[PDB]
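In full-length UniProt numbering, the protein residues as written are 22 to 179.
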Ligand SMILES: CCCCO[C@H]1O[C@H](CO)[C@@H](O)[C@H](O)[C@@H]1O
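Below, the structure written as structure tokens:
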């Protein structure tokens, strides 16, 4: 089991960490959503589906910078929504194919009432999402840490 990002940066068997750069809507008003869909950014595959079943959860999701201070939101994982920052580990998603499959996680963020101006700075860390991978084969328990960075400023009209 290993993963790779849209631009090809990968985290090998055993886990590790990688940065994911995302382009964000430049203008987001209070009452509107800023959707950060990682399903088009992070992909993983099972290296031995003939024998092993891989289990993948969103172990933890944390907010940073402009997202931590100016937005409120939830994280959608494999069809279900949870609080973000996360309060617990999500249920497992099975990976049983050698073909790359998307990691079904998306952040649904919305400006807080007092949000205004540059709510998110270009190049800043907005979130850290931890993908935890285990299996039905051995004691492997690995973390694939995804550091989500904003490619541009996000402005909230005042
Ligand atoms: C006998 C071969 C083991 C290959 O081990 C690697 O691939 C499998 C299947 O994806 C993972 O469950 C495991 O944690 C490693 O990432």
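Note that CB positions come from ideal geometry on N, CA and C, so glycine has one too.
Exercise for the section: Check whether the Cβ of residue 64 lies closer than 6 Å to any heavy atom of ligand 1, and answer yes or no. Expected result: no
Exercise for the section: Could you name the residues whose beta carbon sits closer than 6 Å to any heavy atom belonging to ligand 1, keeping them in chain order? Expected result: 22, 34, 67, 68, 69, 73, 75, 156, 158 and 161
Practice task
May I have the straight-line CA-CA distance separating residue 111 from residue 97, to the nearest angstrom?
Solution key: The straight-line gap from Cα to Cα measures roughly 10 Å.
Exercise for the section: Compute the distance between the beta-carbons of residue 114 and residue 134, then report whether it is under 7 Å. Expected result: No, the Cβ-Cβ distance between residue 114 and residue 134 is not below 7 Å.
Handout entry: Cβ neighbours of residue 48 in the same chain (closer than 6 Å, five flanking residues each side left out)
Key = Excluding positions up to five away in sequence, the list reads 176.
Handout entry: Neighbourhood of residue 58 by C-beta, 7 Å cutoff - its chain only, sequence neighbours within 5 removed
Key = 127
Handout entry: C-alpha distance - residue 46 paired with residue 158, whole-angstrom precision
Key = 42 Å
Problem - Cβ pair count under 8 Å reaching 3, the region 135-142 against the region 69-79 - result: no
Practice task
Locate the beta strand (DSSP E) running through residue 144, then write down its first and last residues.
Solution key: First-last for residue 144: undefined, no H or E at that position.
Exercise for the section: Could you check which residue in 174, 64, 65 and 167 has the C-alpha nearest to that of residue 80? Expected result: 167
Handout entry: residue 61 - DSSP class collapsed to helix/strand/coil
Key = Looking at residue 61 - three-state DSSP - the assignment turns out to be helix.
Practice task
Report back the beta-carbon spacing between residue 169 and residue 41 to the nearest angstrom; my notes put them in contact at under 8 Å.
Solution key: 5 Å
Handout entry: For residue 69 and residue 140, the rounded distance between their alpha carbons
Key = 44 Å
Practice task
Could you give the DSSP three-state label for residue 89: helix, strand or coil?
Solution key: helix
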